[PDB]
Amino acid sequence: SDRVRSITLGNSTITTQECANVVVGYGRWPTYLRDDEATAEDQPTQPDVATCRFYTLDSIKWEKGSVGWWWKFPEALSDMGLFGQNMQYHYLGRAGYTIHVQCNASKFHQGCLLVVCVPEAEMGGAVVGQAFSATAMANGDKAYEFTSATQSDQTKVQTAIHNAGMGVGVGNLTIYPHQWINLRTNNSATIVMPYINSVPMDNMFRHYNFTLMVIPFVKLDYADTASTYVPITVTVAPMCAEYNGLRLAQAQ
Amino acid sequence: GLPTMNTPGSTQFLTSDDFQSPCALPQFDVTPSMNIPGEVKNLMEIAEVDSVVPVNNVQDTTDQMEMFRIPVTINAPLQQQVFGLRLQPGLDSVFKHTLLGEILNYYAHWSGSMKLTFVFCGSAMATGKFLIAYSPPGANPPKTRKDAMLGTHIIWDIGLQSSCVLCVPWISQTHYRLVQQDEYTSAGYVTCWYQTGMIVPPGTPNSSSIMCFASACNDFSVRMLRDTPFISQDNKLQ
Amino acid sequence: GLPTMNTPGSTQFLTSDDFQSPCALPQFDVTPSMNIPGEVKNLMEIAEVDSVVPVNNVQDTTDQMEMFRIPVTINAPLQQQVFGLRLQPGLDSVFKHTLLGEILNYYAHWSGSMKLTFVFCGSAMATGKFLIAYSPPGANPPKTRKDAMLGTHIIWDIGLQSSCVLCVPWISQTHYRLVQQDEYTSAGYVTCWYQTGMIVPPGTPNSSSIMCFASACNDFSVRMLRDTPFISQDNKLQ
Amino acid sequence: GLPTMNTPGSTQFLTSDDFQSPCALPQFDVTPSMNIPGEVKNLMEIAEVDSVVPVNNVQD
Amino acid sequence: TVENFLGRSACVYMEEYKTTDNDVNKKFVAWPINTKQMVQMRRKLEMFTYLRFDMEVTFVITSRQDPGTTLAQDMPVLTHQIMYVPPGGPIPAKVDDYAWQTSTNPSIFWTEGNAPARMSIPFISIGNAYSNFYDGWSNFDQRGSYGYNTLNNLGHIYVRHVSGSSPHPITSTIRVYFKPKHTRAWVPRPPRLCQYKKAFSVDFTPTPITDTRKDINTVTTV
Amino acid sequence: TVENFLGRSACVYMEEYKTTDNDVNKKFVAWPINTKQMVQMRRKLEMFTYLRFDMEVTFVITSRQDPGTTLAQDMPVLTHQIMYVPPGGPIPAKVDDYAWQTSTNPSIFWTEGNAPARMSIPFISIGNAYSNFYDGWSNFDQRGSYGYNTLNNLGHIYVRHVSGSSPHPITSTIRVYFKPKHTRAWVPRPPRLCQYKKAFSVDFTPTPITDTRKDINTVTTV
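Residues numbered from 1 in each chain as written, not as in the entry; some residues may be left out. Chains lettered and ligands numbered in written order. Part of a larger assembly, values for the part shown. Heavy atoms only, no water.

- Method of determination, as given in the entry header: cryo-EM; reported resolution: 9.54 Å.

Structure, rendered in structure tokens:
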């Protein structure tokens, strides 16, 4: 079958026995910066296998009452091996990614997740006019969660799920690269995101190029099974990573 | 000088005019173009994309997300109605705020077919057949499955393919209908009924949700640019 | 008359307009042209010429000419820093008044590589090796030679060839940076360190000066004409 | 500017004039034409049709 | 087509400046060019994340005599000067200052009674496309300004009466219209649902998905 | 390109002339043509030692009614005359004198409310190029005038209202703009650092090389 899938980057391989297809950016495969699109003049580093490989973030639990989660990139990978090290020593960076979201249940469980990558997912504050800090939206590979109720805590982002933290209709997030994990047919989702920005390269700490959101559109449900929660794991591999402007490492 | 004579319209400022005018920054060197993904050329490209329809936009709504979930349950009375909606893509609350409805609201005329995709979100173990129909306008909407089945319809069977598409054709006396729809420009109703029933084996939930997506077909177009009723202000912002 | 209709912009005086107008001295016989040496056609021809950079523009300056002299001495601690400067050719005091900086100040955008030429002005008997580096932007500037050597650099050896050229490449996320540079448009730092040390034989001075020249490369250009912040007046002169 | 000189009639509004003028609804997509029966092109087509004459239009 | 949807002139700003007043600042306008203060244009542009286009700018300037006890005067026609000051150029502090010489900045001199002033500006960004949104900071630290405002540095527009001091004050109002042309747009976004609250931030007040009806089957009007 | 850098109209002079006044000289302007009185244009031209170009001249004339106790009047539109008097020609001593006949000198008659007056003048120097500087004297003796002013003999511009005597005075202000075109430039010089003090001499007050910072390693802002 086509359900079978194998992906190898560097020293890591991912396999899936029940998948859908592989969504590719806006039909654009990741690629290194061309000479006719560059501004920064120094010779870049392209660590290759050391950085372009699969990194598995901490797992999370999908429970009957879960509402949704988000991770901002590249921040989510800032501590991952040499990818994180290269981010720290360089002023500029550029990369695409293979995102593989894993979630297995059973033929007797039901549920359905939207797995989307939102470019420039600029978010609103819990209380309009009140500024929040970076910590309200990203911190290493920590998963952030949406809420059903509207957020009151001004130190937070407006987490009410139906507006996806952006002031738009959550059911319209489908115009962004996405895949669905319907427990009845899938067991994982794979999206290849190319580099998307208004400038050729950018600083990797200061700018979150895109946000991965995993949202349960149909709640997790099951009968008298001994299994309770269903884990969700995110594994991602940078692709065509290149960096410019080497100098001392950024403390954080 | 060359003899000339000014005609009416001279010196006026028509908002939708299309003339040339002097450039205030002569010889300004524009930043080079870059090939950013996702270029849009026509708003119809957007209207052709599915968005989730809030079909269950009922009065007693406690939780906003419930609006997107159409209820379906076991042991439903035979031939029971699942939902009913009136086809006014730019005016009815069910459609007005979807991608398609929002685009329509910047125009006054519309024409073309629509795709209503329904996706079953229950467990893989549930089964069911539903009759989804479209009734061209007439003095009375269908009140029974028997009434509904006389119009354009499709019988949806649940299996590996979770979604089904009811394509509502453009059947009209005029080439275009108004976005601010009226009786003359009436489009009809779309209704859904249990064909058999949702049957379930032991150990599965008793009810499930169905979702509805809507988008335009390739024969769809809009005319007459106009401002939208959906945004306003009493003061300058700041 | 031919029917016409005036459009917006009619009768206005746009400073950068480019129209024809009647000549007040009809048939005036212009003085013949003469081939004077040194014709300039583009301001970039000027920016491509080296000018002395006041690198040592330090607070306690007694004598103005000292600003052009970078101090270098014998028995300097190993890996010592000679100087450090931030790359804002149109904004930083080290560059703003050089030929390149002055030209940049009549524009708002810039792009391209730069040449920083260093010339050793000690006696023929002195020797030394220096590491000159360029660090693309990042949260922190290099504080040590070890930090600096990870970026773009050249190791300069003193001999018959007195000058050395560090060519700082255009490494940027955007095609152009602002002359009125900001953090978003940050360009980085250029620093210099002792690679070995300045060694000297008996009977020669203990310290010497190094000079720094700056000019644009052939991939350099400016955009968006603007007035310069460097000249003003409170009254008409006279 | 090109030297010009306005002649009499300039700025007037003659009811039977025939000039071009800017369109207030730029790019408006007109409803397609349809072939309706009975098109008239000249009023003489109407005058060429018989109508009943009230010949006995007498006082009483 | 996007060219057609965006290609109509829209009012992006308006302000008043007096011919004569005791307050120096009431006699000229200083506007930091942006497209976020007038709600209609803003919502349209914001339907796309990135945009690249040339810009046609048209100005509509009108004048009215201020009400007062004695209004009799005979003032000749007024002439206005509109000057564009790219970021960093000298900014005028009063109607009569040296900066108005415009030896290099582009200016338009326009006289009332004539067709509205107009000119084209090419795509002037330092980037490859204009950004309607910017989820980031100005400082590498992840501090400083947050949002699109950090990328706005298009300069200012300054306007004054040329030598229009009148015995009794006259108030002129300038309206500036933008019409993008030769347009390209990338990565479309959901239209703004909540009303706008600030000119330089995305800030909003939660607004419901849509309006309600009595039940899920209600299809009549009365 | 030099053509582009110099090719924008710049204000090189401005003066006022009244419609009615007791002082004969307050009713017309007499200007000895030169490019040294307005600082911006001057600095640009002075970046080159020699220049050769044709010249586009545009005039911006505006009028305002002088304030007073009784302002009610109904004055028809005003017409101005701008006359160029080459060196040696008869100079007008008052608004109504014979010299204004211009049988040979070039003049422009312009009426308010219309597009600003404009015309082109070819390269008129008696030399092969205009000199921005002249390190020399007028007399062979090495005495007399010193400097560029000794080579300035381009003539004058005279302007008056045509038959505009009004019951209550009206003040017109004329602004003259120069835009060099078909330009050639030779032997470039460092830009003027010190502020200008005189219209007809290089004279200046010593100004420091540039501004200072605390030490040779200071690279931060705060």
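Comments concerning the overall build of chain D
Reasoning step 1: Scanning chain D from terminus to terminus reveals one helix and one strand.
Reasoning step 2: Computed over the C-alpha atoms, the radius of gyration of chain D is 24 Å, more than 25% above the 10 Å expected from 2.2 N^0.38 for a compact globule of 60 residues.
Reasoning step 3: Reported as C-alpha extents along the three principal axes, the dimensions of chain D are approximately 75 × 40 × 20 Å.
Reasoning step 4: Here chain D holds 60 residues, and 7% of them are scored as buried.
Reasoning step 5: Summed over its atoms, the accessible surface of chain D is roughly 6100 Å², and 56% of this surface lies on carbon and sulfur atoms. (Helix = DSSP H or I, 4+ residues; strand = E, 2+ residues; numbered from the N terminus. Rg over C-alpha atoms; globule rule 2.2 N^0.38 Å. Buried < 20%, exposed > 50% of the residue type's maximum accessible area, 1.4 Å probe, protein only. Areas by Shrake-Rupley, 256 points an atom, 1.4 Å probe, with all protein chains shown as cover.)

Concerning the interface of chain B and chain E
Reasoning step 1: Listed per partner, the contact involves 60 residues of chain B and 60 residues of chain E.
Reasoning step 2: Summed over both partners, the interface of chain B with chain E buries about 5600 Å², with 58% contributed by carbon and sulfur atoms.
Reasoning step 3: At the boundary of chain B and chain E, one finds four salt bridges.
Reasoning step 4: With its nearest N and O atoms 2.7 Å apart, the salt bridge here joins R184(E) to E39(B).
Reasoning step 5: Viewed at the interface, chain E and chain B are joined by 29 residue pairs in polar contact.
Reasoning step 6: Per-element tally for the side of chain B that touches chain E: the top contributor is strand β4 (residues 81-86) of chain B, with four residues.
Reasoning step 7: Partitioning the side of chain B that touches chain E into residue classes produces 29 nonpolar, 21 polar and ten charged. (Contact = heavy atoms within 4.5 Å. Buried area = accessible area lost by both parts, 1.4 Å probe. Salt bridge = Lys/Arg side-chain N within 4 Å of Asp/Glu carboxyl O. Polar contact = N/O pair within 3.5 Å; in protein donor to acceptor, adjacent residues only side chain to side chain. Nonpolar A, V, L, I, M, F, W, Y, C, P; charged D, E, K, R; others polar.)

Focus on empty space enclosed by the protein
Reasoning step 1: This structure, assessed with the given rule, holds eleven cavities of 30 Å³ or more.
Reasoning step 2: Of the volumes computed, that of the largest cavity is approximately 910 Å³.
Reasoning step 3: If you go around the largest cavity, you meet 49 residues; those closest to its centre are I33(E), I124(E), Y130(E), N152(E) and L154(E).
Reasoning step 4: Of all the secondary structure elements, the ones that give two or more residues to the lining of the largest cavity are α2 (39-45), β3 (48-65), β4 (79-85), β5 (107-111), β6 (118-121), β7 (130-131) and β9 (170-188) of chain E.
Reasoning step 5: If one sorts the elements of the lining of the largest cavity by residue count, β3(E) sits on top with five residues.
Reasoning step 6: Partitioned by chemical class, the residues of the lining of the largest cavity number 33 nonpolar, 14 polar and two charged.
Reasoning step 7: Within this model, the second largest cavity holds a volume of roughly 210 Å³.
Reasoning step 8: Forming the boundary of the second largest cavity are 16 residues, of which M166(A), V168(A), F133(E), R189(E) and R192(E) lie nearest the centre.
Reasoning step 9: For the lining of the second largest cavity, the class distribution of residues is ten nonpolar, one polar and five charged. (1 Å grid on protein atoms, 1.4 Å probe; cavity = no way out; pocket = protein on both sides within 12 Å on 5 of 7 lines; lining within 4 Å. Points joined across faces, edges and corners; volume = space filled by probe spheres on them.)

A look at the relation of the copies chain E and chain F
Reasoning step 1: With an axial shift of 0.0 Å and an RMSD of 0.0 Å, the rotation relating chain E to chain F amounts to 72 degrees. Both copies of the chain, as the preceding transformation shows, are related through a five-fold rotation axis. The rotation axis passes nearest to the C-alpha of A72(E) in chain E, at a distance of 4.7 Å.
Reasoning step 2: Of the interface residues in chain E, just 17% have counterparts in chain F that sit at the interface too, so the contact is made through distinct surfaces. (Least-squares fit on C-alpha atoms.)

Topic: the pairing of β4(E)
Every regular strand shows the same layout, with side chains that alternate between the two sheet faces.
All names here are of chain E.
Reasoning step 1: The element β4 is largely enclosed, with a buried count of seven among its seven residues.
Reasoning step 2: Residues of β4 alternate between two faces, with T79, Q81, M83 and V85 on one and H80, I82 and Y84 on the opposite face, all of them buried.
Reasoning step 3: Across five bridges, β4 lies against β5 in antiparallel orientation. Bridging from a neighbouring strand, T79 pairs with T111 of β5. (Pairing = 2+ DSSP bridges.)

Considerations on the packing of aromatic side chains
Any two aromatic rings considered together are summarised by their centre-to-centre distance and by the angle between their planes.
Reasoning step 1: The tally for this structure, following the rule as stated, stands at 43 aromatic pairs over all chains.
Reasoning step 2: Ring plane angle 55 degrees and centroid distance 5.0 Å describe the contact between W70(A) and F146(A), whose orientation is recorded as tilted. Here the residue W70(A) occupies a position in strand β6 (residues 69-73), and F146(A) occupies one in the loop between β9 (144-145) and β10 (178-182), the gap between them amounting to 76 residues.
Reasoning step 3: For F146(A), a relative accessible area of 2% corresponds to the buried category.
Reasoning step 4: When the ring of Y106(C) is compared with that of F5(F), the centres are 6.1 Å apart and the planes differ by 85 degrees; the resulting orientation is edge-to-face. Within this pair, whereas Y106(C) is found in the loop between α2 (99-104) and β5 (107-111), its partner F5(F) is found in helix α1 (residues 2-6), the two belonging to separate chains.
Reasoning step 5: The exposure class assigned to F5(F) is buried, which follows from its relative accessible area of 3%.
Reasoning step 6: Site record: aromatic cluster; members linked through ring pairs are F73(A), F83(A), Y97(A), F210(A) and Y243(A).
Reasoning step 7: Between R206(A) and the ring centre of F140(E), over which it is positioned, the NZ or CZ distance is 3.9 Å.
Reasoning step 8: In this structure, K36(E) is placed above the aromatic ring of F133(E), and the distance from its NZ or CZ to the ring centre is 5.3 Å. (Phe/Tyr/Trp six-rings, centres within 6.5 Å; stacked < 30°, edge-to-face > 60°. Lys NZ or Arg CZ within 6 Å of the ring centre and 35° of its normal.)

Concerning the pattern of salt bridges
Reasoning step 1: Inspection of every chain in the model, using the stated rule, returns 41 salt bridges over all chains.
Reasoning step 2: A salt bridge links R86(C) to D92(C); the nearest nitrogen and oxygen atoms lie 3.5 Å apart.
Reasoning step 3: For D23(E), the salt bridge is made with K26(E), and the minimal N-O distance between the two is 3.2 Å.
Reasoning step 4: Taking the relative accessible area as the measure of exposure, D23(E) reaches 32% and is therefore partly exposed.
Reasoning step 5: Look at the salt bridges and you will find they share partners, linking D17(B), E56(E), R118(E) and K179(E) into a network.

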